[PDB]
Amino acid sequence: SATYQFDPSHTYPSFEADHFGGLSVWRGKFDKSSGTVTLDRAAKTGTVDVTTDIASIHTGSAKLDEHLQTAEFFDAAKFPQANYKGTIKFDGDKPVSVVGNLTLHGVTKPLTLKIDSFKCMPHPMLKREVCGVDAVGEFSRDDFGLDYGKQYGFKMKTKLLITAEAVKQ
C-alpha cells in the first residue's frame, strides 16, 4: 500500500462537449487540479480524491470561459470547485476503473472513469515513484443542473479525457 499526491503540472481533466447538435465538438480543459491517490496493488484496491478549480477552465475562447463561470452555467461564485472521489478497481493485475462520485455545480452524482493506460516509473527528477494514467468518462451534464443549450438542440453528453500523474509521498 502506497499514497501518492497528484502533480498538478501533469494532472488535468480535458473535455468534449457538443456544439449545435453535432456541428462540431468543443474541446478544452481545466488547468488547476490537486489531490491524492492511494493504491495497494497486492490487495487490488485503491482510491482517488481530486479537486478541480472551475475558474481554471480553458476553452480557447476567453469570452466563453468567463461566461461559463456565471450562474447561467457553473455558478463558480457558489461552487468554485468540482470534487471526485472513488474506488479503484482492478482487472488482471492492473487498475482498470474508478467507481465513485462527482460533485459538480453543487450536485453529487455517480461517475465511473475507465483507465485506458497505467504506468509507474521512477520520477526522472524527484526519484520517487510516479504513477500515470489516461482515463475516460462520460456524463450527461443536465444531471448536475448544467442544462444550458438544451432548448437549442445541444446534446448534454459530455466526455472527459483525464491525464493524471501522482508522485509517491
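Note that residue numbering begins at 1 and tracks the sequence as displayed.
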If you average the CA temperature factors over each stretch, which comes out higher, 156-164 or 19-27? 19-27
Stretch with higher mean Cα temperature factor, 74-82 vs 88-96, is 88-96
Residue, from 110, 60, 137, 35, that the PDB entry assigns the highest Cα B-factor: 60
Taking the values straight from the PDB record, which of 106, 124, 132, 46 has the highest C-alpha temperature factor? 124
Classify residue 54 as lowest, middle or highest third according to the C-alpha B-factor given in the PDB entry, relative to its own chain. lowest
Going by the entry, which third of its chain does the Cα temperature factor of residue 115 land in? middle
In terms of the CA temperature factor given in the entry, to which third of its chain does residue 9 belong: lowest, middle or highest? middle
